[PDB]
């Protein structure tokens, strides 16, 4: 528990370690012909001290739940991360030279195929948010003794997402979290704005509620001391460093970001660094206190079937909140996050019933997603984030990186489409199906009534990858029996007859408009089949085609979304080339405007009358 104040030999061993890490970073990037040795070298003493004095972890089990966490937010310093894990004895030294090869898992930036990596970085400014999720989990959910350390670059601090995380950590008193800022003066293509104005970094961190300490980032002794003192606040170690530290003629110079040393130069530089190393003996890592709780990864089931009634009206946004609160009674792993929209998404229902497991993330969608990713690391939590679907576009890079991180998070976006009415297009999600479908690990649920919403929540909880649930504002009727079985990739035919003329595919509000169109068309002796996809990704291609074959090959898809990347294009891509199949597509063709929900569905050509007229035109 006490700080072990290192003696001169331990300090020299830490310096020797830092210099070994420099040598390896150079060797690996020169061998690869690409990479960022100068970005590694500014961080070498930081890495040596964290891994070989401060942190506590099992060197042979990097994912162990009791370990301190390290997040390399400046992910292009990956070679020095790999070098520390070789120094710690987990990774074979020889493998370091295979950096960036297709035959290796030592890829250009860290990724979770590496046991020692929890989240992928490489898109700057995201690691601190993930670290915040890890620290929040450690302090409030696991209630364990592990600490969380996150290394950032100085150019990286221009990303607004970093400052969302800074504010989150002070709001939530993450006194188990340390941010290390590698203030090496330079970004990629010029000096970072503040250069070596260390006092301005300190003021910014202090103003955001952090205990901020300026250190010489190349002093192993100052680093040991600064890391050795816990605080009652999140702690920022503001390290003055030089980019390319230890590389004579490159240290502190522009024009070297992401530039490997040519072989002749690497050999000369490595010789000079090696001349400064006093012993080949390596420091051993020190193991953690094993106080993280056991976690059960069993499937999570709703405590009962849905208790809706066919014909009753409920918006799927409200059904989401009810279903999430219900699921929270079945497993303590379920956590909810929301960005100051809990009264609109109905995640407030979960907050009321399970307040200890609700995280108010404020108006900061980027950070919210990163918090969720962090909470899901090491399978600790099962997170459900929510906001308006439109505002998940604010977090697309975090979502993109979440898939690269192989993260299991659940996102529920409300207020989709023009059917929200009067707020207008700033609040209307019209591109969220395109966005989430383009995330390669995604499952996209579009529930059309309250029953389907509850089933989607339960399925999402038990589905790997990036799960998105699209909810809606109109109160529409319950159409499904409570005991209707739902599965990912299985659609439902909600209206059919022996002489259906076209298969109409709708979802959410447009499913209900399609059912209303069917009633209008019956008066003209025209029957239509109506199909509810349930999941847009994966799509039930078989049921769609079997339906179309019963309806003269004709499909009409109607969606409250733009034309590109949504339901209609998913359907077209699934059926193109099938003999006799035709697809007509109704969607929103341009930025909308304010009006009543029904007025906008009409203006944008996706209401019952537009559907009926499209059907009449197809038959003729």
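Positions refer to the first chain, counted from 1.
Checked against the record, the higher mean CA B factor of 516-524 and 420-428 lies with 516-524. Annotation for 578-586 versus 27-35: the higher mean temperature factor (C-alpha) is found in 578-586. When the C-alpha B-factors of 173, 455, 313, 240 are read from the PDB record, the largest value belongs to 313. As recorded in the PDB entry, 282 shows the highest C-alpha B-factor of the residues 357, 282, 109, 537. Compared with the other modelled residues of the chain, the Cα B-factor recorded for residue 68 ranks in the lowest third. Sort the modelled residues of the chain by CA B factor and residue 44 lands in the lowest third. Sort the modelled residues of the chain by CA B factor and residue 227 lands in the highest third. Sort the modelled residues of the chain by CA B factor and residue 496 lands in the highest third. For residue 554, the recorded CA temperature factor ranks within the highest third of the chain's modelled residues.
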